[PDB]
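Asker: Residues 1321 to 1450, 1454 to 1491, 1497 to 1513, 1523 to 1551, 1556 to 1563, 1568 to 1585, 1588 to 1747, 1777 to 1975, 1995 to 2220 (UniProt numbering) are what the sequence shown spells out, left to right.
Take a look at this one; I'll ask things after.
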Amino acid sequence: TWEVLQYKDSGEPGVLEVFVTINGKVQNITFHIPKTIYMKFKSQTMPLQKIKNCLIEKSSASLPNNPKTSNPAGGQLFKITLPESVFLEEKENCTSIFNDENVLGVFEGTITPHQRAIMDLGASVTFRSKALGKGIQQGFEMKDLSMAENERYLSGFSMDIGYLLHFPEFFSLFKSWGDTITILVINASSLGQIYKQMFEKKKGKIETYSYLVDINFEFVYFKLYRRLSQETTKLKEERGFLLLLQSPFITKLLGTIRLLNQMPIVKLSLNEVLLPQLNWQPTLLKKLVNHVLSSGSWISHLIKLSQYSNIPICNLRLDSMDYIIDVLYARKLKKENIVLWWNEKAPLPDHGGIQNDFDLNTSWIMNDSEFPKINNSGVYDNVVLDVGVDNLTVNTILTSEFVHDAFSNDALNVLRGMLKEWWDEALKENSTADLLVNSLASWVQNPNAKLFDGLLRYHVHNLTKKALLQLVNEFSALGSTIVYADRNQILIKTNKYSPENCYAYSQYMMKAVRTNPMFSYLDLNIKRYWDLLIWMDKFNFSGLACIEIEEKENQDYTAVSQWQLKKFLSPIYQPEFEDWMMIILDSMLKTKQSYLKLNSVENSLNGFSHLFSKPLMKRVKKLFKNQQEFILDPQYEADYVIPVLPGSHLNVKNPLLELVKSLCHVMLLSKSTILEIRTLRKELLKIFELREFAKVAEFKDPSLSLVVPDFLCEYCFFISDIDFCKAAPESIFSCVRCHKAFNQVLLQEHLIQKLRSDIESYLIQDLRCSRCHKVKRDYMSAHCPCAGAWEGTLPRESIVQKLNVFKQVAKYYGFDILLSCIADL
Ligand SMILES: [Zn+2]
Ligand SMILES: [Zn+2]
């Protein structure tokens, strides 16, 4: 029984070395692992070439279901296990088994012996030879003697540590058993005071993790760049000890220092560190001191994760949570009869070489990430409940030959059982299982993780959409009206009128929804209660809301107003807008309260425009007169300047016209007092020399939309869309729940990916006839057999407008990568 610290392949094929903890100190052992591949060689009779030393057997493993691969053809799959060296010298010649006729492809040729060892053997390896000397002088073979013992506790750790860092010439070193600090090319006092300060700040953590790492030390700030090798040599011939390295140039520092390859290393890469160009010393002191005094917590977390996941400590990382998913899922599939389709250095599943070819179906299922939503605009006097839904994806996963687009059902059941046991273990006080469940969704989304298949992602997305529509159906079964629907927020209209009377009722819908077996794992929460709502859009609403209904006391009512429409008005009329909107909201609240006092038409709101009609008429007359008098003056031209914003497309002249158009369009959403609003609109338009149904008096959307689907916040595993045009600032650059700033070049890269996907989709579109809407079924034909000529399903003007709005977006903010992408066309 040995606790393995690291697995590492040698420069020889199939030869591996392990830094392992022998019963004494650390020690290194050389291994040998043969290769194993999956082949579809000939139909049923093959040129075996049995003289070559290999083990050949016909198997019946479960192959992946490629959408392009519709013909089973031959089915005599073969498992081939074969030492790597003979594979290398047989790759040289052409007349060999691996390259012959009717070779459909190899399925497990991209799995290194390192990965096979780390999955099948694990960290808890032992021997049952019952030749130890002969096997220790040489490399001991694995495939004949192999078994994994239990790993409940890895080891009782008591051993020194290493610490090498770099901040883009801030190379740093520290020894746990040493007592000196020297930094490569006021500072000493700051270092001492900061060390003491955070010492008292984290006394508790220091005391708890002292048994892992344990104190003041000297300070120094030192041609000079050759000292890394000398220090590494001093440490190497002074101690055997584990290296903690932190730098954005991991491989560069590994290659520059030749001695770093002879000890096990635990890596703590947290890159993207920058200097503020001034007073970098205090912040760098903060960074180094927090890293040093949190190293104990870091190594404790790594020890927990390693001794739970059966993974060596040097192969793990704090952010490499997808690695555990991959390891566990791969080993459970290997215990099954399913090929792993494991892939390396490529974010695509391995299919035997077929995946290299372009295909229409795969490309269509790759870029179809749009999530639809439901929005029923209108004016509501009833109470509305604002709720949020959580853990939707995991509930969807756990809940629920002919179809060529299907994802393998055996893998789906395997992962469903894996997630079920994960949930069961997480319920019984397991933080690791909780974090793993939280990161499962991000593992599903991210193509960077191995064992990733676009078919699985499309399957999960379609299932999520179906589950959401089923939830909408269940909600609408009772007395309800869905106003807004989304992956994160749902607005429900309540049939009642008073918020105080919806306590038990809302609790009853909550309980009934939760008890449904389809929605057993959903988490639902109530955020706000709406007394009076004017809802037309997610970014455009205003009304009176109460946070939570209280007992025996009148609730606190606060008015809110979110309106990007006001941002497109003239600078001098926005005060008029914000005044008159509040006035009309007050009048609406007054008339609803009066109607409730008294007791498709509703009398709660009928008769509200009568309160403010005459003052509005006089105010509009005065505003028109003043605009007429002061529009041509030079010094008054500042306040009449029409603002420009990204996504704007309307060119228009008179601001007062758009002011009154927006004011009337807000009222028009009543859907029950249409005639009164139309009469008032005609009366207002009579002040101008316009008519009731003129084209100039029609309100439109002053802004376009540019939505990016499923942006991921790593700090929350939070998934949401983001609109670059309609949304207000200081929200594009930060998460919705947490206030963490987003990376910018990531935003530009995602925008460019969206643009290129749009262009490709336009390029690969289909053709449709004019009179009949049948699709083109010939590669070359003048026109339809009937009358009419072909037209594209994707109009040119749409993509032209999309590129125009992309240009506007790239011009408003500073996005030089996107501008370079545009200029290359
Ligand atoms: Zn966040
Ligand atoms: Zn036709």
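Note that the Cβ used here is the ideal one computed from N, Cα and C, for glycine as well.
So the candidates are 1906, 1910, 1886, 1909; which of them puts its Cα closest to the Cα of residue 1900?
Answerer: Sequence index remark: in the sequence shown, residue 1900 carries index 524 (1-based). For the residues 1906, 1910, 1886, 1909, the minimum Cα distance to residue 1900 belongs to 1886.
Asker: Going by beta carbon distance, what residues of the same chain come within less than 6 Å of residue 1531, once the five residues before and after it are set aside?
Answerer: Here the question's residue 1531 lines up with position 194 in the sequence shown. Around residue 1531: 1632, 1636.
Asker: Quick check on the DSSP output: what are the complete beta strand (DSSP E) runs of length 3 or more inside the segment 2000-2079, in order along the chain?
Answerer: Runs of the beta strand (DSSP E) inside the segment 2000-2079: none found.
Asker: Given a cut-off of 8 Å on the beta-carbon distance, is the pair residue 1443 and residue 1324 in contact?
Answerer: Here residue 1443 refers to the residue found at position 123 of the sequence shown. Here residue 1324 refers to the residue found at position 4 of the sequence shown. It is a contact, given that the beta carbons lie within the stated cut-off.
Asker: Could you tell me if residue 1302 is buried or exposed, where buried requires 16 or more neighbouring beta carbons within 10 angstroms of its beta carbon?
Answerer: Missing from the structure shown is residue 1302; the chain here goes from 1321 to 2220 and no further.
Asker: Please report how far the alpha carbon of residue 2017 lies from the alpha carbon of residue 2036, in whole angstroms.
Answerer: Here residue 2017 refers to the residue found at position 622 of the sequence shown. Here residue 2036 refers to the residue found at position 641 of the sequence shown. Approximately 20 Å, taken between the alpha carbons.
Asker: Quick one, what's near ligand 1 if you take every residue whose CB is closer than 6 Å to any heavy atom, in chain order?
Answerer: Selection output, chain order preserved: 2108, 2110, 2111, 2113, 2130, 2132, 2133, 2135.
Asker: Using the C-alpha atoms, what's the distance from residue 1437 back to residue 1431?
Answerer: Position 111 of the sequence shown, counting from 1, holds the residue named residue 1431. Position 117 of the sequence shown, counting from 1, holds the residue named residue 1437. C-alpha separation (whole angstroms): 10 Å.
Asker: For residue 1946, count neighbouring Cβ atoms within 10 angstroms of its own Cβ and tell me buried if that reaches 16, exposed if not.
Answerer: Here residue 1946 corresponds to residue number 570 of the sequence shown, with the count starting at 1. Buried.
Asker: If you measure from the CB of residue 2171, is any heavy atom of ligand 2 nearer than 7 Å?
Answerer: Residue numbering aside, residue 2171 sits at position 776 when the sequence shown is read from its first letter. Checking the Cβ of residue 2171 against ligand 2 gives no.
Asker: Would you say residue 2187 touches ligand 2, meaning its beta carbon is less than 7 Å from a heavy atom?
Answerer: Residue numbering aside, residue 2187 sits at position 792 when the sequence shown is read from its first letter. For ligand 2, not one heavy atom lies less than 7 Å from the Cβ of residue 2187.
Asker: Quick check: the Cα distance between residue 1706 and residue 1429, rounded to an integer number of angstroms?
Answerer: Within the sequence shown, residue 1706 is the residue found at index 359, counting from 1. Within the sequence shown, residue 1429 is the residue found at index 109, counting from 1. Residue 1706 and residue 1429: Cα-Cα distance of roughly 23 Å.
Asker: If you reduce the DSSP assignment to three classes, tell me which class residue 1348 lands in.
Answerer: Within the sequence shown, numbered from 1, the residue matching residue 1348 stands at position 28. Of the three classes helix, strand and coil, the one that applies to residue 1348 here is strand, per DSSP.
Asker: Could you tell me which whole beta strand (DSSP E) segments of length 3 or greater appear in the segment 1364-1413?
Answerer: Runs of the beta strand (DSSP E) inside the segment 1364-1413: 1375-1378, 1398-1402.
Asker: Rounded to the nearest angstrom, what separates residue 1846 and residue 1791 at their Cα positions?
Answerer: Looking up residue 1846 in the sequence shown gives position 470. Looking up residue 1791 in the sequence shown gives position 415. Approximately 23 Å, taken between the alpha carbons.
Asker: Would a C-beta distance cut-off of 8 Å place residue 1918 and residue 1867 closer than the cut-off?
Answerer: Along the sequence shown, read from residue 1 onward, the residue named residue 1918 stands at position 542. Along the sequence shown, read from residue 1 onward, the residue named residue 1867 stands at position 491. Going by C-beta atoms, residue 1918 is not nearer than 8 Å to residue 1867.
Asker: Please check the pair residue 1784 and residue 1384, which I expect to be a contact at CB under 8 Å, by giving their CB distance rounded to whole angstroms.
Answerer: Counting from 1 along the sequence shown, the entry for residue 1784 is found at position 408. Counting from 1 along the sequence shown, the entry for residue 1384 is found at position 64. Confirmed, Cβ separation roughly 6 Å.
Asker: For residue 1637, report the span of its alpha helix (DSSP H) as first-last.
Answerer: Residue numbering aside, residue 1637 sits at position 290 when the sequence shown is read from its first letter. 1627-1656 is the extent of the alpha helix (DSSP H) around residue 1637.
Asker: Less than 8 Å between the beta carbons of residue 1509 and residue 1559, yes or no?
Answerer: Residue 1509 sits at position 181 when you count from the first residue of the sequence shown. Residue 1559 sits at position 218 when you count from the first residue of the sequence shown. Yes, they are a contact pair.
Asker: Which residues mark the beginning and the end of the alpha helix (DSSP H) in which residue 1689 is found?
Answerer: Within the sequence shown, numbered from 1, the residue matching residue 1689 stands at position 342. Element bounds for residue 1689: n/a, residue is neither H nor E.
Asker: Can you find a heavy atom of ligand 2 that lies under 7 Å from the Cβ of residue 2166?
Answerer: Here the question's residue 2166 lines up with position 771 in the sequence shown. Yes.
Asker: Might you give, ordered along the chain, the residues of its own chain that have their beta carbon closer than 6 Å to the beta carbon of residue 1937, omitting 5 neighbours on each side?
Answerer: Your numbering for residue 1937 matches position 561 in the sequence shown. 1918, listed in sequence order.
Asker: What is the DSSP secondary structure of residue 1661, reduced to helix, strand or coil?
Answerer: Along the sequence shown, read from residue 1 onward, the residue named residue 1661 stands at position 314. Residue 1661 falls in the helix class under three-state DSSP.
Asker: For the alpha helix (DSSP H) that residue 1866 lies in, which residues bound it at each end?
Answerer: One-based indexing of the sequence shown puts residue 1866 at position 490. Per DSSP, residue 1866 belongs to no alpha helix (DSSP H); it is in the beta strand (DSSP E), 1865-1869.
Asker: How many angstroms separate the CA atom of residue 1893 from the CA atom of residue 1850?
Answerer: Sequence index remark: in the sequence shown, residue 1893 carries index 517 (1-based). Sequence index remark: in the sequence shown, residue 1850 carries index 474 (1-based). Taking the straight line from one Cα to the other gives about 12 Å.
Asker: When you compare each of 2082, 2083, 2118, 2061 to residue 2095 by their alpha carbons, which one comes out closest?
Answerer: As a working note, residue 2095 is residue 700 in the sequence shown. Residue 2061 is the option with its Cα nearest to residue 2095.
Asker: Kindly indicate which three-state DSSP category residue 2177 falls into: helix, strand or coil?
Answerer: On the sequence shown, position 782 is the one that residue 2177 refers to. Reduced to three states, the DSSP call for residue 2177 is coil.
Asker: Assuming contact is defined by CB atoms lying nearer than 8 Å, are residue 1291 and residue 2207 in contact in what I supplied?
Answerer: Not covered by the structure: residue 1291. The range shown for the chain is 1321 to 2220.
Asker: Select from 2098, 1838, 2079, 1537 the residue whose C-alpha is nearest the C-alpha of residue 1913.
Answerer: For the purposes of this step, residue 1913 is identified with residue 537 of the sequence shown, where counting begins at 1. Taking only the C-alpha atoms, the option nearest residue 1913 is 2098.
Asker: Verify the contact flag: residue 2179, CB atom, against every heavy atom of ligand 2, threshold strictly below 7 Å.
Answerer: Translated into positions along the sequence shown, residue 2179 becomes position 784. Within the cutoff, so yes.
Asker: Determine the contact status of residue 1810 and residue 1817, defining contact as a CB-CB distance below 8 Å.
Answerer: Against the sequence shown, residue 1810 aligns to sequence position 434. Against the sequence shown, residue 1817 aligns to sequence position 441. Their beta carbons are not under 8 Å apart, which means residue 1810 does not touch residue 1817 by this criterion.
Asker: State whether the segment 1720-1737 contacts the segment 2059-2074, with contact taken as three or more CB pairs (one from each stretch) at a distance under 8 Å.
Answerer: Enough Cβ pairs lie closer than 8 Å, so yes.
Asker: Strictly by DSSP, which residues pair up with residue 1337?
Answerer: By 1-based counting over the sequence shown, the position of residue 1337 is 17. Note: residue 1337 sits in a beta bridge opposite 1328, 1350.
Asker: How is residue 1808 classed by DSSP in three states: helix, strand or coil?
Answerer: Stepping through the sequence shown from its first residue, residue 1808 is reached at position 432. If DSSP states are grouped into helix, strand and coil, residue 1808 belongs with the helices.
Asker: Is it buried or exposed for residue 2076, if we count other Cβ within 10 angstroms and need 16 for buried?
Answerer: Counting from 1 along the sequence shown, the entry for residue 2076 is found at position 681. Buried.
Asker: So, do the segment 1813-1828 and the segment 1676-1696 have three or more beta carbon pairs nearer to each other than 8 Å?
Answerer: Touching, per the Cβ criterion.
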